[PDB]
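# Results of the structural survey
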2 protein chains.
Amino acid sequence: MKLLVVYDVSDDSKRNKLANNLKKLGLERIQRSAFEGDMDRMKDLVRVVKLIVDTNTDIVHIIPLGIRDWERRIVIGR
Amino acid sequence: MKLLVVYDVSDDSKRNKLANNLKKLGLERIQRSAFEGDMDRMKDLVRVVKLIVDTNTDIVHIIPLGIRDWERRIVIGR
Ligand SMILES: [Cl-]
Ligand SMILES: [Cl-]
Ligand code: NA
Ligand code: NA
């Protein structure tokens with residue numbers, strides 16, 4: 001069981017508070033605004049995201065996926 | 001069968017060429033740098049992304065997921 005957190009956070013400063021907190025909960029950065037990690041927590045994840053981002057302005061997707069779907073992703077670039 | 005395309009494209013101009021092309025192939029924008037769509041195409045999707053982005057610099061994830069995993073996402077914010 002995996003999950004992805006993908007975010008669109010307007011305030012520069014809120015964006016890296018969130019990045020910092022996602023690392024702390026053990027997720028790993030895969031791109032500038034996306035992290036992945038293993039199923040562990042959930043309720044804390046949502047609370048963290050809600051407390052940090054501007055909910056009228058920002059968008060965060062927290063998406064479950066199976067391990068085999070993540071494994072079969074295609075990654076283009078660096 | 002769904003997929004997500006999540007991107008981290010440095011050049012402003014390449015980013016919306018990609019956004020424009022992802023809409024054309026029928027994907028739908030869900031956030032500033034993420035689109036979702038249904039399984040249809042695949043080989044064309046990868047070719048499009050590779051031709052548009054700078055592959056030494058940019059990162060794009062093309063991620064398959066089951067319909068029920070997408071349905072059970074949590075979306076925070078606007
Ligand atoms: Cl990766
Ligand atoms: Cl959505
Ligand atoms: Na990104
Ligand atoms: Na985004």
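Residues numbered from 1 in each chain as written, not as in the entry; some residues may be left out. Chains lettered and ligands numbered in written order. Heavy atoms only, no water.

So the rule is basically this: UniProt positions are given in the numbering used here, feature names are shortened, and annotations may be inferred rather than shown by experiment.
UniProt annotates chain A under Cofactor with the comment "Mg(2+)". UniProt, in its Sequence similarities section for chain A, records the words "Belongs to the CRISPR-associated endoribonuclease Cas2 protein family."

## So, the coordination of the sodium ion (ligand 3)
To keep things clear, this is the line we draw: Because no water is among the atoms considered, metal sites can look incomplete, with donors defined as N, O and S atoms within 2.8 Å of the metal, or 3.2 Å for Na, K and Ca. Under the scheme used here, helices are H or I runs from DSSP no shorter than 4 residues and strands are E runs no shorter than 2 residues, and both carry numbers assigned from the N terminus. Remark: exposure states derive from per-residue accessible area (1.4 Å probe, protein chains only) relative to the maximum for the residue type, with buried under 20%, exposed over 50%, and partly exposed in between.
Every protein donor of the sodium ion (ligand 3) is listed here as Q31 of chain A (OE1) and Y7 of chain B (O), and their distances to the metal cover 2.6 to 2.8 Å. In this structure, the sodium ion (ligand 3) lies 5.1 Å from the sodium ion (ligand 4). One end of the pair, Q31 of chain A, is in strand 2 (residues 28–31); the other, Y7 of chain B, is in strand 1 (residues 2–8), on a second chain. The exposure class assigned to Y7 of chain B is buried, which follows from its relative accessible area of 4%.

## Focus on the UniProt feature "binding site: Mg(2+)" in chain A
Our working rule: When checking whether two residues touch, look at their non-hydrogen atoms; a contact exists if any pair is within 4.5 Å.
In the UniProt entry, the feature "binding site: Mg(2+)" is given for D8 of chain A. If you trace the backbone, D8 of chain A turns up in strand 1 (residues 2–8). For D8 of chain A, a relative accessible area of 12% corresponds to the buried category. In this view, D8 of chain A contacts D58 and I59 of chain A together with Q31 and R32 of chain B; residues no more than four positions away in its chain are not counted.

## Here's the deal with the pairing of strand 2 (residues 28–31) of chain B
Residue and element names in this part refer to chain B. Here is the rule: Should DSSP find at least two bridges between two strands, the strands are regarded as paired.
Note: strand 2 against strand 3 (residues 34–38), 3 bridges, orientation antiparallel. When the sheet's bridge partners are listed, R29 is paired in strand 3 with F35. Hairpin remark: strand 2 followed by strand 3, antiparallel, with 2 residues in the connecting loop.

## A look at the packing of helix 1 (residues 12–24) of chain B against helix 2 (residues 42–52) of chain B
All names here are of chain B. As a reminder of what qualifies: Whenever a helix is involved, its axis is fitted only over the stretch in contact; in every case the axis is a line through C-alpha atoms, and angles between N-to-C directions fall within 0 to 180 degrees. Any angle that is under 35 degrees is reported as roughly parallel, and any over 145 degrees as roughly antiparallel; angles of 65 to 115 degrees are reported as roughly perpendicular and all others as oblique. We call a crossing left-handed when the near helix sits turned anticlockwise from the far one by less than a right angle, and right-handed when that turn is clockwise. Three classes are used: nonpolar for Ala, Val, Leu, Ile, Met, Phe, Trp, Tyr, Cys and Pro, charged for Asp, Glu, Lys and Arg, and polar for all others, with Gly counted as polar.
The geometry of helix 1 relative to helix 2 is characterised by a closest axis approach of 10 Å and an angle of 165° between their N-to-C directions. It follows that helix 1 is roughly antiparallel to helix 2 by the angle criterion. The handedness of the crossing between helix 1 and helix 2 is right-handed. Residue-level inspection shows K14, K17, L18, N21 and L22 of helix 1 in contact with helix 2, the latter providing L45, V48, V49 and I52. Its residues assigned to classes, the contact of helix 1 with helix 2 shows 6 nonpolar, 1 polar and 2 charged.

## What to know about the pattern of salt bridges
Threshold: What counts as a salt bridge is simple: a side-chain nitrogen of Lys or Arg found within 4 Å of a carboxyl oxygen of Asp or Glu.
Tallied over the full model, the rule gives 10 salt bridges over all chains. Of the charged contacts, one joins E71 of chain A and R68 of chain A as a salt bridge, the two residues approaching to 2.8 Å between their closest N and O atoms. One end of the pair is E71 of chain A and the other is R68 of chain A, both in helix 3 (residues 67–71) and 3 residues apart, which spans about a single turn. Ionic pairing is found between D12 of chain B and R15 of chain B, a salt bridge with its closest N-O pair at 2.6 Å. With a gap of 3 residues between them, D12 of chain B and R15 of chain B both fall in helix 1, about one helical turn apart. In this structure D12 of chain B comes out as exposed when scored by relative accessible area, which is 57%. Each of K2, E36 and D38 of chain A takes part in a single network of salt bridges with overlapping partners.

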